[PDB]
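All remarks here apply to the structure that follows.
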Amino acid sequence: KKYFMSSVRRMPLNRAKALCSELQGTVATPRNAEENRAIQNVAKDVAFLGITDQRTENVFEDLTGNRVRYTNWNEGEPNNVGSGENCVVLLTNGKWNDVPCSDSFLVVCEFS
Amino acid sequence: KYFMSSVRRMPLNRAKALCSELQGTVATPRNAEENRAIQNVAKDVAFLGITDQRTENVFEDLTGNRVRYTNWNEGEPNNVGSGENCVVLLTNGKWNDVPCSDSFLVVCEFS
Ligand SMILES: OC[C@H]1O[C@@H](O)[C@H](O)[C@@H](O)[C@H]1O
Ligand SMILES: OC[C@H]1O[C@@H](O)[C@H](O)[C@@H](O)[C@H]1O
Ligand SMILES: [Ca+2]
Ligand SMILES: [Ca+2]
Ligand SMILES: [Ca+2]
Ligand SMILES: [Ca+2]
Ligand SMILES: [Cl-]
(Lines give C-alpha, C1' and ligand atoms only; values in the text may rest on other atoms or scores of the structure.)
(Ligands and ions follow the chains in the order given, each with its own letter.)
Protein backbone atom coordinates (compact mmCIF):
# COMPACT_ATOMS: atom_id res chain seq x y z
CA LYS A 1 0.00 0.00 0.00
CA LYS A 2 1.12 3.62 -0.06
CA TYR A 3 2.45 5.20 3.11
CA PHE A 4 2.37 8.95 3.67
CA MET A 5 4.64 11.03 5.92
CA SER A 6 4.63 14.79 6.59
CA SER A 7 7.65 17.05 6.91
CA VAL A 8 8.16 19.34 9.91
CA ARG A 9 9.52 22.33 7.97
CA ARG A 10 8.14 24.35 5.06
CA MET A 11 9.94 24.57 1.72
CA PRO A 12 9.31 25.38 -1.97
CA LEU A 13 8.35 22.50 -4.30
CA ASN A 14 11.84 21.75 -5.62
CA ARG A 15 13.23 21.25 -2.12
CA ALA A 16 10.08 19.24 -1.35
CA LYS A 17 10.86 16.98 -4.32
CA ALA A 18 14.47 16.61 -3.17
CA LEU A 19 13.40 15.79 0.38
CA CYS A 20 11.09 12.95 -0.68
CA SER A 21 13.54 11.57 -3.26
CA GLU A 22 16.26 11.47 -0.60
CA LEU A 23 14.38 8.53 0.92
CA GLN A 24 13.43 7.25 -2.53
CA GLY A 25 9.85 8.46 -2.28
CA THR A 26 7.83 11.06 -4.15
CA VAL A 27 5.67 14.04 -3.20
CA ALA A 28 2.21 12.70 -2.30
CA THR A 29 -0.23 12.48 -5.22
CA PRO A 30 -3.72 11.33 -4.16
CA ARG A 31 -5.43 9.22 -6.85
CA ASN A 32 -8.81 9.06 -5.06
CA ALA A 33 -10.64 10.39 -1.96
CA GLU A 34 -9.41 7.66 0.38
CA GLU A 35 -5.82 8.64 -0.38
CA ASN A 36 -6.76 12.32 -0.16
CA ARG A 37 -8.07 11.69 3.36
CA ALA A 38 -5.00 9.61 4.29
CA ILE A 39 -2.83 12.60 3.36
CA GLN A 40 -5.15 14.82 5.44
CA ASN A 41 -4.50 12.56 8.43
CA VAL A 42 -0.76 13.29 8.28
CA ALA A 43 -0.74 16.94 7.18
CA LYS A 44 -1.15 19.26 10.19
CA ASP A 45 -1.11 22.33 7.96
CA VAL A 46 -1.23 23.24 4.25
CA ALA A 47 1.12 20.97 2.36
CA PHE A 48 2.40 20.39 -1.18
CA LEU A 49 1.03 17.58 -3.37
CA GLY A 50 3.01 16.19 -6.32
CA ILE A 51 0.97 17.91 -9.03
CA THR A 52 1.72 20.87 -11.34
CA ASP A 53 0.52 22.48 -14.56
CA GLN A 54 4.00 23.71 -15.32
CA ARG A 55 4.00 22.03 -18.75
CA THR A 56 0.74 23.45 -20.08
CA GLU A 57 -1.42 25.87 -18.13
CA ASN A 58 -4.56 24.27 -16.67
CA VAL A 59 -3.37 20.75 -17.52
CA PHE A 60 -2.39 19.10 -14.22
CA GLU A 61 0.12 16.26 -14.15
CA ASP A 62 1.96 14.44 -11.37
CA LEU A 63 5.71 15.06 -10.99
CA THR A 64 6.48 12.38 -13.61
CA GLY A 65 4.51 14.27 -16.27
CA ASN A 66 1.57 11.93 -16.01
CA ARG A 67 -1.81 13.67 -16.35
CA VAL A 68 -3.94 13.25 -13.21
CA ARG A 69 -7.56 12.12 -13.15
CA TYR A 70 -8.83 12.67 -9.59
CA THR A 71 -8.92 16.30 -8.40
CA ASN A 72 -10.38 17.88 -5.23
CA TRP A 73 -10.11 21.62 -5.95
CA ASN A 74 -11.38 24.14 -3.43
CA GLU A 75 -14.22 26.29 -4.79
CA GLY A 76 -12.80 28.95 -7.08
CA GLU A 77 -9.66 26.91 -7.74
CA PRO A 78 -7.55 26.50 -9.74
CA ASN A 79 -7.33 30.24 -10.47
CA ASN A 80 -3.68 30.86 -11.49
CA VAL A 81 -3.49 34.23 -9.67
CA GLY A 82 -0.83 36.88 -10.22
CA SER A 83 2.37 35.95 -12.01
CA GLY A 84 1.14 32.37 -11.95
CA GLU A 85 0.31 29.46 -9.67
CA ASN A 86 1.54 26.17 -11.06
CA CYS A 87 1.89 24.00 -7.95
CA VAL A 88 -0.79 22.44 -5.76
CA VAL A 89 -1.32 22.23 -1.99
CA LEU A 90 -3.82 20.32 0.13
CA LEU A 91 -5.63 22.87 2.32
CA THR A 92 -6.53 21.96 5.92
CA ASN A 93 -10.14 21.25 4.83
CA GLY A 94 -8.86 18.59 2.42
CA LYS A 95 -9.51 20.62 -0.74
CA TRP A 96 -6.79 21.77 -3.14
CA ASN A 97 -5.46 25.21 -4.04
CA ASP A 98 -3.03 26.05 -6.84
CA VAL A 99 -0.07 28.07 -5.52
CA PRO A 100 3.27 29.47 -6.70
CA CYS A 101 5.88 26.71 -6.88
CA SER A 102 8.34 29.06 -5.21
CA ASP A 103 6.20 29.54 -2.04
CA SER A 104 6.89 27.41 1.03
CA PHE A 105 4.59 24.80 2.54
CA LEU A 106 4.91 21.53 4.42
CA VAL A 107 5.38 18.51 2.18
CA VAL A 108 3.81 15.09 2.36
CA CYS A 109 5.94 12.29 0.92
CA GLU A 110 4.58 9.03 -0.48
CA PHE A 111 6.24 5.61 -0.42
CA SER A 112 5.03 2.13 -1.39
CA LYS B 1 7.41 -0.27 11.07
CA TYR B 2 8.38 0.92 7.61
CA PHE B 3 12.01 1.30 6.56
CA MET B 4 13.41 3.59 3.85
CA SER B 5 17.02 4.05 2.75
CA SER B 6 18.68 7.27 1.65
CA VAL B 7 20.66 7.43 -1.58
CA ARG B 8 23.42 9.68 -0.30
CA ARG B 9 25.89 9.28 2.56
CA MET B 10 26.07 11.64 5.54
CA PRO B 11 27.35 11.69 9.17
CA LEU B 12 25.03 10.59 11.99
CA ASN B 13 23.86 14.12 12.89
CA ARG B 14 22.68 14.75 9.35
CA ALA B 15 21.22 11.19 9.31
CA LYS B 16 19.15 11.93 12.43
CA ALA B 17 17.97 15.23 10.96
CA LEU B 18 16.86 13.52 7.77
CA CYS B 19 14.73 10.86 9.46
CA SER B 20 13.35 13.39 11.96
CA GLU B 21 12.35 15.67 9.11
CA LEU B 22 9.70 13.15 8.08
CA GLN B 23 8.84 12.42 11.72
CA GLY B 24 10.67 9.10 11.82
CA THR B 25 13.97 7.99 13.35
CA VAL B 26 17.16 6.22 12.27
CA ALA B 27 16.28 2.49 12.01
CA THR B 28 16.91 0.32 15.06
CA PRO B 29 16.48 -3.42 14.51
CA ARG B 30 14.86 -5.08 17.54
CA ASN B 31 15.30 -8.63 16.23
CA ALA B 32 16.71 -10.68 13.35
CA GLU B 33 13.65 -10.16 11.14
CA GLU B 34 13.86 -6.37 11.39
CA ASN B 35 17.63 -6.59 10.88
CA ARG B 36 17.07 -8.43 7.59
CA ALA B 37 14.39 -5.96 6.46
CA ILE B 38 16.75 -3.01 7.05
CA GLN B 39 19.66 -4.82 5.39
CA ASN B 40 17.54 -5.31 2.26
CA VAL B 41 16.44 -1.69 1.98
CA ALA B 42 20.08 -0.58 2.38
CA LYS B 43 22.19 -1.05 -0.78
CA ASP B 44 25.40 -0.34 1.13
CA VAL B 45 26.64 0.16 4.71
CA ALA B 46 24.15 2.32 6.62
CA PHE B 47 23.79 3.85 10.09
CA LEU B 48 21.45 2.34 12.68
CA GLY B 49 19.82 4.39 15.46
CA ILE B 50 22.20 3.06 18.10
CA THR B 51 25.12 4.70 19.92
CA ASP B 52 27.21 4.46 23.10
CA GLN B 53 27.86 8.20 23.15
CA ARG B 54 26.43 8.59 26.68
CA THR B 55 28.29 5.69 28.26
CA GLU B 56 31.10 3.79 26.55
CA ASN B 57 30.21 0.21 25.62
CA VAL B 58 26.59 0.83 26.67
CA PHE B 59 24.64 0.74 23.42
CA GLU B 60 21.24 2.38 23.37
CA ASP B 61 18.76 3.65 20.75
CA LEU B 62 18.34 7.37 19.94
CA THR B 63 15.78 7.76 22.75
CA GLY B 64 18.13 6.48 25.45
CA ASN B 65 16.76 2.94 25.61
CA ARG B 66 19.32 0.21 26.08
CA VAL B 67 19.26 -2.23 23.18
CA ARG B 68 18.69 -5.92 23.81
CA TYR B 69 19.09 -7.61 20.42
CA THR B 70 22.56 -7.03 18.91
CA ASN B 71 24.19 -8.48 15.79
CA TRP B 72 27.83 -7.47 16.08
CA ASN B 73 30.33 -8.57 13.45
CA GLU B 74 33.18 -10.67 14.90
CA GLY B 75 35.64 -8.46 16.75
CA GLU B 76 33.01 -5.75 17.21
CA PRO B 77 32.31 -3.50 18.97
CA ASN B 78 35.95 -2.45 19.31
CA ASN B 79 35.93 1.38 19.68
CA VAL B 80 39.09 1.75 17.52
CA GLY B 81 41.19 4.85 16.98
CA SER B 82 40.03 7.81 19.04
CA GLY B 83 36.62 6.20 19.44
CA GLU B 84 33.69 4.69 17.57
CA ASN B 85 30.38 5.59 19.14
CA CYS B 86 27.98 5.07 16.26
CA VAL B 87 26.78 1.86 14.60
CA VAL B 88 26.44 0.72 11.00
CA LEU B 89 24.82 -2.33 9.46
CA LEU B 90 27.29 -3.94 7.06
CA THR B 91 26.29 -5.51 3.72
CA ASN B 92 26.48 -8.96 5.35
CA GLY B 93 23.87 -7.95 7.97
CA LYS B 94 26.31 -7.75 10.90
CA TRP B 95 27.08 -4.55 12.82
CA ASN B 96 30.20 -2.46 13.25
CA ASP B 97 30.76 0.49 15.58
CA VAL B 98 32.14 3.50 13.66
CA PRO B 99 32.98 7.19 14.24
CA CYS B 100 29.77 9.25 14.34
CA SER B 101 31.56 11.83 12.20
CA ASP B 102 32.00 9.39 9.26
CA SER B 103 29.54 9.25 6.33
CA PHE B 104 27.29 6.29 5.48
CA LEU B 105 23.82 5.75 4.06
CA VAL B 106 20.92 6.07 6.49
CA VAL B 107 17.89 3.85 6.89
CA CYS B 108 14.95 5.63 8.52
CA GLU B 109 12.17 3.85 10.41
CA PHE B 110 8.51 4.91 10.58
CA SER B 111 5.48 3.48 12.34
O1 LIG C 1 -2.24 34.65 -1.81
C2 LIG C 1 -3.52 34.25 -1.35
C3 LIG C 1 -4.36 33.70 -2.48
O4 LIG C 1 -3.75 32.46 -2.91
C5 LIG C 1 -4.38 31.93 -4.08
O6 LIG C 1 -3.71 30.77 -4.44
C7 LIG C 1 -5.84 31.61 -3.79
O8 LIG C 1 -6.46 31.11 -4.95
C9 LIG C 1 -6.57 32.88 -3.32
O10 LIG C 1 -7.91 32.56 -2.98
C11 LIG C 1 -5.85 33.48 -2.11
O12 LIG C 1 -5.96 32.59 -1.00
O1 LIG D 1 38.55 2.05 9.82
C2 LIG D 1 38.57 0.66 9.53
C3 LIG D 1 38.22 -0.14 10.76
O4 LIG D 1 36.90 0.26 11.18
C5 LIG D 1 36.59 -0.28 12.47
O6 LIG D 1 35.35 0.19 12.87
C7 LIG D 1 36.58 -1.80 12.40
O8 LIG D 1 36.28 -2.32 13.68
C9 LIG D 1 37.94 -2.32 11.93
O10 LIG D 1 37.87 -3.73 11.75
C11 LIG D 1 38.28 -1.66 10.59
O12 LIG D 1 37.34 -2.09 9.63
CA1 LIG E 1 -1.17 27.38 -13.31
CA1 LIG F 1 -5.07 29.57 -6.35
CA1 LIG G 1 32.29 3.59 21.57
CA1 LIG H 1 34.54 -0.94 14.97
CL1 LIG I 1 32.29 8.50 17.55
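Keep in mind that the numbers below use all heavy atoms, side chains included, and drop hydrogens, waters and symmetry copies. In what follows, chains are A, B, ... by sequence order, proteins preceding strands, each numbered from 1.
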Suppose we screen for side-chain hydrogen bond (donor to acceptor under 3.5 Å, both in side chains). Which residues come up paired with [X], at least two apart in sequence or across chains?
X: A:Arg15; result: none
X: B:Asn65; result: B:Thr63
X: A:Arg69; result: none
X: B:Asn71; result: B:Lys94

Members sharing B:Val7's hydrophobic cluster (side chains within less than 4.5 Å):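 Joined to B:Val7, directly or through intermediates: none.
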Considering only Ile, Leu, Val, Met, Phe, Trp and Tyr, and joining two whenever side-chain heavy atoms are under 4.5 Å apart, list the other residues clustered with A:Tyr70.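 Same cluster as A:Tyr70: A:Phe4, A:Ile39, A:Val42, A:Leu49, A:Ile51, A:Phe60, A:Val68, A:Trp73, A:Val88, A:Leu90, A:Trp96, A:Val108.
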Euclidean distance, A:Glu110 CD relative to A:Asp62 CG, rounded to 0.5 Å: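 The CG atom of A:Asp62 sits 9.0 Å away from the CD atom of A:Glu110.
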When rounded to the nearest 0.5 angstrom, what distance separates CG in B:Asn57 from CG in B:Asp52?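 If I round to the nearest 0.5 Å, the distance is 6.5 Å.
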So which pairs with a foot in [range] pass disulfide bond (SG atoms under 2.5 Å apart), sequence neighbours left out?
range: residues 34-64 of chain A; value: none
range: residues 17-55 of chain B; value: B:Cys19-B:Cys108
range: residues 32-100 of chain A; value: A:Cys87-A:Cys101

Run B:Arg9 and B:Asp44 through salt bridge (charged side-chain N to carboxylate O under 4.0 Å, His left out) and show every step you take. CA-CA 10 Å; B:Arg9 303 191 211 298; B:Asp44 200 352; 2.9 Å; yes
Should we say atom CZ of A:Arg67 is surrounded by more than 12 heavy atoms from elsewhere, each under 6.0 Å from it?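 Atom CZ in A:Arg67 is not crowded, with 12 or fewer foreign heavy atoms closer than 6.0 Å.
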Sort and list the pairs that fulfil ring pair (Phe, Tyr, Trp, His ring centres under 6.0 Å) and have at least one residue in residues 30-54 of chain B, not counting sequence neighbours.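 Only B:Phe47-B:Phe104 qualify under ring pair (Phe, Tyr, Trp, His ring centres under 6.0 Å).
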Aromatic centroids of A:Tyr3 and B:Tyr2 separated by under 6.0 Å: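 So the answer is yes for these two rings.
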Just to verify, what does B:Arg54 make a side chain to side chain contact (heavy atoms under 4.5 Å, CB included) with, not counting sequence neighbours?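 Applying side chain to side chain contact (heavy atoms under 4.5 Å, CB included) to B:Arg54 gives B:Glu60.
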Same apolar cluster (I L V M F W Y, side chains within < 4.5 Å links), B:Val88/B:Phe3: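 Different clusters.
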Decide whether A:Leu63 and A:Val99 are clustered together by the hydrophobic rule: side chain heavy atoms of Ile, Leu, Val, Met, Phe, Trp, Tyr closer than 4.5 Å, transitively.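 Both belong to a single hydrophobic cluster.
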Side chain to side chain contact (heavy atoms under 4.5 Å, CB included) evaluation trace for A:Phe111 with A:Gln24: CA-CA 8 Å; A:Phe111 303 85; A:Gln24 301 178 83; 5.6 Å; no
If you look at every heavy atom in A:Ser6 and A:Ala43, which pair is closest and at what distance?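 The answer is OG-CA, 4.3 Å.
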Do any pairs count as a salt bridge (charged side-chain N to carboxylate O under 4.0 Å, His left out) and have a residue in residues 18-27 of chain B, sequence neighbours left out, and if so which ones?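 Non-adjacent pairs meeting salt bridge (charged side-chain N to carboxylate O under 4.0 Å, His left out): A:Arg9-B:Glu21.
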Using atom types as modelled and distance alone, determine if a side-chain donor or acceptor of B:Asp97 lies under 3.5 Å from a backbone N or O of B:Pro77.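 Flag not set: sc B:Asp97 to bb B:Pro77 has no pair under 3.5 Å.
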Test salt bridge (charged side-chain N to carboxylate O under 4.0 Å, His left out) applied to B:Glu33 and B:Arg36, step by step: CA-CA 5 Å; B:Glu33 296 65 52; B:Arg36 181 55 176 172; over 6 Å; no
